[PDB]
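Trainee: Okay, handing you the structure first.
All Cβ positions, even for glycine, are placed from backbone atoms using ideal geometry, and neighbour counts span all protein chains on display. Quick note: the coordinates plus some simple rules give every number you see, no bench work behind them.
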Amino acid sequence: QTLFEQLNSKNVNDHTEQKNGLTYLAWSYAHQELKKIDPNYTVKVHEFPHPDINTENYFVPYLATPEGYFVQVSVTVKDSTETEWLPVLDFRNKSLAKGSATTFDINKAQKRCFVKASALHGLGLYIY
Amino acid sequence: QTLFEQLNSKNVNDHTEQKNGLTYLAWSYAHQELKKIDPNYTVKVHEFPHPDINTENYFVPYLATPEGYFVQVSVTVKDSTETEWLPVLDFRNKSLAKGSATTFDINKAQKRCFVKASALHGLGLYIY
Amino acid sequence: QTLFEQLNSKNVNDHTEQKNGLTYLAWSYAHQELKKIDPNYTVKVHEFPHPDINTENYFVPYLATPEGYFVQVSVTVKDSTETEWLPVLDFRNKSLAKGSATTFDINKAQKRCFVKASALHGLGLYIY
Amino acid sequence: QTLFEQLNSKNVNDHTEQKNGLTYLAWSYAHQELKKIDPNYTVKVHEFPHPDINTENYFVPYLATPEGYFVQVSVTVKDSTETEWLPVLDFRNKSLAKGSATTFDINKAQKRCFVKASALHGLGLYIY
Amino acid sequence: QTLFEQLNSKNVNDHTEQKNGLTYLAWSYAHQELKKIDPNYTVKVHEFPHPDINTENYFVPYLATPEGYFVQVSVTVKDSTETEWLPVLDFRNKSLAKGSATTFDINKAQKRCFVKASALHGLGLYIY
């Protein structure tokens, strides 16, 4: 068949967490399923220059913008790349203004952006 | 036949949400239908220099203008590219002035601009 | 025959909205009719430097002038290009002074300029 | 015969509006008559540097002079170009001083300058 | 015979207006008579740098001098060019000082300078 249809036709319902009334598939499950399909696949978290620090060659792993925070994750399986963006959010799914976000929030957003970019491939597309 | 007519003759009415009295087709449905027609298609969100931050090589994913906010999405299916613009808007469909928009608003506008650019292709043109 | 006469001899009266006592043909209808005649046609919205912001490589999609706002749309069907200009206007068809226009107004003016440039081709010339 | 005589010998009286006691032929009629004679003809609205704004590569579609406003339209039919100038005027046909003209006034003057330049060709010369 | 004698021996008395006790032949009549004699003839309105505005590449269509206003028109029929100058004047045929002239006055002076330059050719020389 094809990668999209094979991956799309799977049930990731069992490995999900209901937090805030939303459904999330854990990254651990996503990491193994793609690993099975393709043994060698790449996950890259983009790094962007920081607006406040002017030191040269200083690149943080997230985008800080005057309006908030952004993350980017690029998942490449079998020579196909799917990029994704996401806003960093609170535990209550509310936006975080400049200077109100901790490093633990960014890491959670980075992990969440990975499982969503994988959903651009057939796996668990129905949840999003 | 042709891509426009094939895509135009589909019913996307079932997968729609009535919010504020407007009809919207979910991106998830748009992502799969184009994926079926063409296995390898590209979605690109344009990035523009930011008016307030003067750091070099700093590119946000939206356009901030003294009059408001703009987003752009370019969808390429089978070597044909359809670009689209849209204003970032509130939950009540009202405009957001400079310094009043959160990152969650931009992401929603980005997703909405994707399904509208896909409607430039035959799919779900009737809604817009 | 010829493109002008074929396009000119059509009834776009059914797909019109009477707002403020003026007659407007919806863009959706214009997008499909030209798409039928020519499968591959281009719509380009011109981008102009902004008078107030001095950042380099900053190009907004409209013209802000000390006297008001202008938009431009270039529609190319079958290797023929028809450019058009229009003033951005209120819901009451009144002019908007510098600093009084929202991004929702510009987008409406951009869509309206598209259907008028298409009317430079035979389609719906009688309305304007 | 010749273009001037053919075009000159036409009755554009039916398609005229009596406003302020003057006679005007609508642009829509002018656009179709020249289109018939010549399928491919060009209309160009000249763009001039603006006296107040010093930004580079900033070109408005009208001429603002310390004494008032000017517009220019160049109509080319069958390899012959007829340029024309006109002052931007009020609804009462009075002059507009620097800083008193809206974008709606400029557009009306641009359309009027087009039908007058076409009158340099035989069509509707008698009105002016 | 010759262009001067042929053109000189015509009666333009019928197409004249008596304003302020002077006789003027309308431009419309002049435009058609030369058009008949020569199908392709050129009218050029000279453009001069403006004394007050220092912006580069800014050229108005008239000459503003500390003593008043001047216009120039060059009419070329059959490879012969006749230039002409004229002062911009009020409705009462009085001079206009720097900063007292509107764009409507300049346009009237431009049209009048055209019919006088044509009178350098035989047509209607007797009036001036």
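Trainee: Which of the residue pairs A:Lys44/B:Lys19; B:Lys78/C:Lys111; A:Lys35/B:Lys10 have a Cα-Cα distance greater than 32 Å in the structure shown?
Mentor: A:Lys44/B:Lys19; A:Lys35/B:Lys10
Trainee: With a cut-off of 8 Å between alpha carbons and a minimum separation of six or more residues, what is the relative contact order of chain C in percent?
Mentor: 29 percent
Trainee: Applying the Karplus parametrisation 6.51 cos²θ - 1.76 cosθ + 1.60 with θ = phi - 60° to the phi angles of segment D:121-128, what ³J(HN,Hα) value in whole Hz is obtained for each residue in order, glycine and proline being reported as x?
Mentor: The phi angles translate into 6, x, 3, x, 4, 4, 5, 9 Hz.
Trainee: What is the set of long-range amide H partners of E:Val71 at a cut-off below 5 Å, with H atoms built 1.01 Å from backbone N?
Mentor: E:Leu63, E:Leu86, E:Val88
Trainee: Run lengths n ≥ 4 of DSSP H only: what is the helix-derived mean residue ellipticity at 222 nm for chain C, with -39500 (n - 2.57) per run over all residues, to the nearest 500?
Mentor: So the helix-based figure for chain C works out to -8500 deg cm²/dmol.
Trainee: How big is the protein assembly as shown in terms of Cα radius of gyration and Dmax, in angstroms?
Mentor: Values for the protein assembly as shown (Cα only, Rg and Dmax): 30.9, 105 Å.
Trainee: How far apart, in nanometres, would the label points at B:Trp27 and A:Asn107 be if each is projected 7 angstrom from Cα along the Cα-to-Cβ direction?
Mentor: With each label point 7 Å from Cα toward Cβ, the separation is 2.7 nm.
Trainee: Another one. Which whole number gives the average count of other chain Cβ atoms within 10 Å of the Cβ atoms across peptide D:100-111?
Mentor: Across the residues of D:100-111, the mean count of other-chain Cβ atoms within 10 Å is 5.
Trainee: With the contact rule set at Cα under 8 Å and sequence spacing of 6 or more, what percent relative contact order holds for segment E:61-126?
Mentor: Reported as a whole number, the value is 33 percent.
Trainee: Related question: Please turn the phi angles of segment C:29-36 into ³J(HN,Hα) values with the Karplus equation 6.51 cos²θ - 1.76 cosθ + 1.60 (θ = phi - 60°), one per residue in order, whole Hz, x for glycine and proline.
Mentor: For segment C:29-36, the Karplus curve yields 5, 4, 4, 6, 4, 5, 3, 4 Hz.
Trainee: Would you mind giving the average projected area, over all directions, of the Cα convex hull of chain B in nm² with one decimal?
Mentor: Reported value for the Cα convex hull: 8.9 nm².
Trainee: From the label point of C:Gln18, set 7 Å along Cα to the beta carbon, how far off in nm is each other copy's matching point, shortest first?
Mentor: Nearest to farthest, the other copies are at 2.7, 2.7, 5.3, 5.3 nm.
Trainee: For segment C:32-82, what are the per-bin percents of Cα-Cα distances with bins 5 Å wide, up to the bin holding the maximum?
Mentor: Values per bin, smallest distances first: 5, 18, 20, 16, 13, 12, 9, 7, 1.
Trainee: Residue by residue through B:18-24, how many Cβ atoms from other chains fall within 10 Å of the Cβ on average?
Mentor: Average neighbour count from other chains, rounded to a whole number: 0.
Trainee: With the label 7 angstrom out along Cα to Cβ, how close does E:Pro51 come to the same site in each of the other copies, in nm, nearest first?
Mentor: The projected label point of E:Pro51 is separated from its counterparts by 1.4, 2.7, 4.0, 5.1 nm.
Trainee: Which whole number gives the average count of other chain Cβ atoms within 10 Å of the Cβ atoms across peptide E:58-71?
Mentor: Per residue, the average neighbour count from other chains is 2.
Trainee: Still on this structure, please answer the following. For label points placed 7 Å from Cα toward Cβ, what is the shortest-first list of nm distances from A:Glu82 to its copies?
Mentor: Here A:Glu82 shows inter-copy label distances of 2.1, 4.2, 6.2, 7.9 nm.
Trainee: In nanometres, what is the gap between the two model label sites at E:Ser80 and A:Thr42, each 7 Å from Cα along Cα-to-Cβ?
Mentor: Taking the simple label geometry, E:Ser80 and A:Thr42 are separated by 7.9 nm.
Trainee: Further, regarding this structure: Collect residues whose amide H, placed 1.01 Å from N in the peptide plane, falls under 5 Å from the amide H of D:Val77; neighbours closer than 5 in sequence don't count.
Mentor: The list, which skips near neighbours in sequence, is D:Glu82.
Trainee: Return the distance in nm (one decimal) between the two label points of a simple spin-label model at E:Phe91 and B:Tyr126, each offset 7 Å from Cα along Cα→Cβ.
Mentor: Going by the 7 Å Cα→Cβ label model, 6.2 nm.
Trainee: All other residues with a Cβ under 10 Å from the Cβ of E:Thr76 taken together, and with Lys, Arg as +1 and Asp, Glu as -1, what is their net charge?
Mentor: With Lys, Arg at +1 and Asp, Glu at -1, the neighbours total -1.
Trainee: Report, in whole Å, the centroid distance computed from the Cα atoms of segment A:19-86 and segment D:10-33.
Mentor: Taking the Cα centre of segment D:10-33 as reference, the centre of segment A:19-86 is 63 Å away.
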